[PDB]
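Here is the structure we will look at, set down as structure tokens.
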Amino acid sequence: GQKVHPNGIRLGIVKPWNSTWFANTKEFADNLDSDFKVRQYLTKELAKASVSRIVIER
Amino acid sequence: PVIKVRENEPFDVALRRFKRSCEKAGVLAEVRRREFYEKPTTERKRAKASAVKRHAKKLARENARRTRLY
Amino acid sequence: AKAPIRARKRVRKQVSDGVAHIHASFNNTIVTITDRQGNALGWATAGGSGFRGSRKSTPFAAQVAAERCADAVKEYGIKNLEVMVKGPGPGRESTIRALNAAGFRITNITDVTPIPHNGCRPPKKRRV
Amino acid sequence: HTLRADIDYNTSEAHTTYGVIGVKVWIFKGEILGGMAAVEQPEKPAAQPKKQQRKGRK
Amino acid sequence: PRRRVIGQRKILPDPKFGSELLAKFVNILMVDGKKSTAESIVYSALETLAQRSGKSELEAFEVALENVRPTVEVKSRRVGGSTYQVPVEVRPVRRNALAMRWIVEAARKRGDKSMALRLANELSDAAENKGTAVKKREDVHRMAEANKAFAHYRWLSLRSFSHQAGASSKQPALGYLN
RNA sequence: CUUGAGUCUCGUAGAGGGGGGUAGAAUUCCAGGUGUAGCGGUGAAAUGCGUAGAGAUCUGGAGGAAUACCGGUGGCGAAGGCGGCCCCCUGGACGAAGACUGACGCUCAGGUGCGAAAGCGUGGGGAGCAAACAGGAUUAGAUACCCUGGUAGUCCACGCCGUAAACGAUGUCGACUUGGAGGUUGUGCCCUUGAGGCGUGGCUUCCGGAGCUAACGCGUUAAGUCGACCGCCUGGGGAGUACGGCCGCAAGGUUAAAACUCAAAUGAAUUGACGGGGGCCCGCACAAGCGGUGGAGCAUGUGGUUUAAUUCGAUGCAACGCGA
RNA sequence: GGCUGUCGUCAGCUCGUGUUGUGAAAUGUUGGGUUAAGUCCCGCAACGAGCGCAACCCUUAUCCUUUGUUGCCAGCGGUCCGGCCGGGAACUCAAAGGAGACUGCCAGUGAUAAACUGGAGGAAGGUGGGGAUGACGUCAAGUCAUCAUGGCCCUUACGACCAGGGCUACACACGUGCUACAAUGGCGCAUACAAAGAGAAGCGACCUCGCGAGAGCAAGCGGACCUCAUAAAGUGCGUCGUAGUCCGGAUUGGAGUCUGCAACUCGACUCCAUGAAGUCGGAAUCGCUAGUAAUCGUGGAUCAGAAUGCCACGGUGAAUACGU
RNA sequence: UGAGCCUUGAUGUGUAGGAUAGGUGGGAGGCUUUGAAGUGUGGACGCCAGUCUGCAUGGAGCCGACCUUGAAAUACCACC
């Protein structure tokens, strides 16, 4: 079961990132963990709809 | 088995092709080997047997003209 | 055995022509220089080159055997040569070069390797 | 092993009676896709019309 | 193996004299990557040599590189129940380097109170064919005259050879059916 | 009757059978000549032979199995079987004209005759090689294999039970089924334009069509279409032994089985692996090289080993500065 | 389940479809020539097409192009000759569009040919250097300890707070890396230029104390301005001879310092004195085709307190690749 | 052909040493074409080409006392 993940090397050109924001190093973890919490608890609410992607921007 | 028939022009290297006609074969070839009585008729006498690979080759020449490989 | 002799000048009978005999086995060559009338004037071997194994039975050991004996007989004063060959083993040609390199002519390379009229039965060896 | 265009991969995780099941799905829409593309201009034509410096002279 | 022909690097004249034949010498004089020292050791040796004979600083270096030069090599490639040795005549790039290696191999044990002197003594010596690497030459050609006996899995190779427009005799050389 | 077959003389190819004659070459041997330090064996090696003169080599004689050469897809026999050259006795098959008989035919239990090979009794013969046997070598085990010593045997003559994979494991003989060509021969014809061409027989063989096979293969010499008659087989293991009849101085031979166990065994082919069968290709896989760790000291991980416990994960390449 | 490793950069593997066999399955996926290539010339029941590779891609190298500072400075000014500053654009130089190179040209070779090599301008001729980059998937490889999770057990606990102790143990062996065993160096004194990145919770010039580490104060910062940082190896001069030294400097005593209630086994740093093993190491044992290998130092990721390690960077930079 | 007795003749390729180490006395060198040596000719003579060396011609050298290495020292004649 081979290969570095196929979409992962594509993330810098003609594929967008799944999230786009910037925090100046020291606050980057605090912003990354909140960016996860919005992913996890928001999708729980829209359970009954059908959705392909989630894109969070600050 | 430098073979008693003399090579055309004598030189330090014996011309083994030009020398043999029926020497060493069957008589002095199976040295330190088990002697059979009737196996040699089919075992050693393989002149028809060795011609077949040459025939196979001479057949495939023609087919290479017809395929346009040639 | 050999002695530490001063440089050689010596004369014996100055016979000028000889026959050589090469007895080729699987493990060795015995190379033996004779008078035309047929008398040992000297010999050397492949086995005293002390290679052991299969390695004693190679054309280069056949060459140097020829070169020792052909050398020694320069005191016997041979100047031309003929050889009889007796075995199916290697040094077919490289033995012939050492007799020529001793500065002798070697025009008659008579193989006499004897084919009996179906003689005595050989050891059976491997069952293939 | 392609770097160019977006190309869609998903690995699903889902449950059934006997435990977790999963499907790995690559789908390929096109080798040129315009859904994310590089910016309209290079630096050299962009922004101010008179761009050359005084080259000192405070 | 090897699909196509693959090349070699080329040495570009050294920064303190301007010679290719010197920039290749300093490359094997290198210990711990340090060519910029191996330069300092060549030029300090060469000048001591230059007091010994003033007609050229390169006198005793240039003739060392001819006299201790091996002309022949012995190669090795195992066959089954046997290792053997099989002689080849050697290509010039390795004739030159063997001799450069051997001048420096001998120098680092000369024990003299500066390496510039160690290298300068072994060159004055190998120029006159009196030094340490005359022996290294002698041995390497002995092996190449002695090992003319052997062939590669020989007993079957000797028919295989005879039909491939080869001789009725054992070829003492690498990677041929012999 | 001839449409089956049988017969007389003529011709032809061949190692068919049985008894006689006959030369030369190695080992082996006796004698004589020449000559000095190893020979032999094998992966490597030892046992074996040698300075008491080996080993090798030359000259002359010796003896016996055997006949190296016909050597090719040839030809002959009975399958197995047959190879030096001649002579004597003589079989069987292949041709051809002249000619004759006229179902005189097919098959064959029983049957009598008859051996590849070794086994084998007496006589003859005996040179090498060799089961066993012995010892080395292997450790890989049986004194086996493998190597060296080494015997019966192998070899002929007559004689005893005729064994097997006993052969195209293709019964016998006969009728029918597109052919060309090889090898090579009777014989009709040809400048025999090339082991050539055609007419028509001969064994022997390559190719392939109808038909026949599970598959390879066979294919006019069938394993096709068939004919009669005979021979033999009916799951494995255990059994080519046991049992009965019968033969053999004698060791042995001959047809040839069940209880019981058991759900399989067996012909073949695909593809991987694999060959110690043959060959090709590629990777820093080797070569062509250079440096690095093991050893020192330290740093760190692993296990050994320790306690209350010194926690686990990874362990041939897919492990140890790696999950941690 | 999600995910990844092995083979292996093997150079092959598969989808759609026909045909040949009764079918398992072949064929293509095999051949000749050629390669990094199922790349490309030729061609048979393989036709059509995809996967790996090839490519786009980022980066680097010159170099085209715009900016002109916290960047640069042929010339000019204060001037230690530092862009600190009056000023200046000849010039790297930085982040960004990217340019160039395609066996396309020309020649030789190769079956036309892919392609190998040579020519030439250019930094560079052979998909320019470097990376990304990994077929279907057996190996039942490994994680229930990222996490999903059925089966399935405790839930006064296979939960929790608090503390101490351990893997960092010692009889040893072994895997790895470091640095060394010299003089190519080390000693003393003098001497030179880095790249890249870190510094918002943080670091930090000058400061005064201190042998240093550090101390306590603090302008300043947003990092091409200030600082980590003296980059080291390398060079200069004079000096050293196998004696474990003039290499190597470990240990250990002792004092100063640090992060923290708390430094004992188990923490860091400075530094004084004395001063060992080890002279390239048996068995074992690995990466490498060139910016590589080797070797030297740096910073950062992590980061209470601790790097030999990992990641990247720059210094200095190797033998050879005949041949299968 | 052993042994005894006896006439002369030599090699000594050392760890350290330029090479020439059987024990050891005489004893401080032979200048004779330089004792030489040297291509070249022969001879004693061996851990195999090495020590010594006769001589047309050759004033070119063993090698010590010395110079030098070692436990012992070396010329050259003897003794064995």
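Where a number appears in this text, it was derived from the coordinates with a stated rule and is not lab data. All Cβ positions, even for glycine, are placed from backbone atoms using ideal geometry, and neighbour counts span all protein chains on display.
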Task: Unmet requirement for B:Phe18, which otherwise passes all of (1) in a helix (DSSP H, G or I); (2) at positive phi - done: (2)
Open item on the list: Report every pair of residues separated by at least 6 positions or lying on different chains whose Cβ atoms are under 7 Å apart, first residue within the range C:1-23 and within 14 Å of chain B (Cβ to nearest Cβ), second basic (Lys, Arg) and away from RNA strand G (no atom under 16 Å from the Cβ).
Closed with: C:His21/C:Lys86; C:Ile22/C:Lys86; C:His23/C:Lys86
Task: Hits in the range C:45-66 - residues which are facing another protein chain (nearest Cβ under 9 Å) and aliphatic (A, V, I, L, M) - done: C:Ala61
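Give the residue, chosen from B:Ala29, B:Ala51, B:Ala25, that is within 12 Å of chain C (Cβ to nearest Cβ), within 9 Å of RNA strand F (Cβ to nearest atom) and not acidic (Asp, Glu). Steps first, please.
Values: B:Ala29 fails: within 9 Å of RNA strand F (Cβ to nearest atom); B:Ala51 fails: within 12 Å of chain C (Cβ to nearest Cβ).
Step by step, each of B:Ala29, B:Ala51, B:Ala25 is checked, and only B:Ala25 is within 12 Å of chain C (Cβ to nearest Cβ), within 9 Å of RNA strand F (Cβ to nearest atom) and not acidic (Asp, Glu).
Just to be sure before I move on: is C:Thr113 surrounded by 13 or more Cβ atoms within 10 Å (Cβ to Cβ), free of Cβ contacts under 8 Å to residues at least 24 places away in the same chain, β-branched (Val, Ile, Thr) and not in a helix (DSSP H, G or I) in the structure I sent?
Working: surrounded by 13 or more Cβ atoms within 10 Å (Cβ to Cβ): yes; free of Cβ contacts under 8 Å to residues at least 24 places away in the same chain: no; β-branched (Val, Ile, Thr): yes; not in a helix (DSSP H, G or I): yes.
Here the answer is no, as C:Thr113 does not meet what is asked.
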Open item on the list: Take residues that are within 14 Å of another protein chain (Cβ to nearest Cβ) and either within 19 Å of E:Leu98 (Cβ to Cβ) or not aromatic (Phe, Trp, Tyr) (or both) and tell me which of the helices (runs of 4 or more DSSP H) falling wholly in the range E:112-178 contain 3 or more.
Closed with: E:134-146, E:154-163
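Return yes when E:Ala167 is aliphatic (A, V, I, L, M) and in contact (Cβ under 8 Å) with a residue 24 or more places away in the chain and no when it is not. I'd like the intermediate steps shown before the answer.
Values: aliphatic (A, V, I, L, M): yes; in contact (Cβ under 8 Å) with a residue 24 or more places away in the chain: no.
No.
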Open item on the list: Consider the range A:1-45. How many of its residues are under 16 Å from the mean Cα position of the chain (by Cα) and either within 16 Å of RNA strand H (Cβ to nearest atom) or part of a loop (DSSP other than H, G, I, E, B) (or both)?
Closed with: 14
- [ ] Can you confirm whether the range D:38-46 contains a residue that is within 11 Å of chain A (Cβ to nearest Cβ) and either more than 16 Å from RNA strand F (Cβ to nearest atom) or within 15 Å of the chain's Cα centre (by Cα) (or both)?
- [x] yes
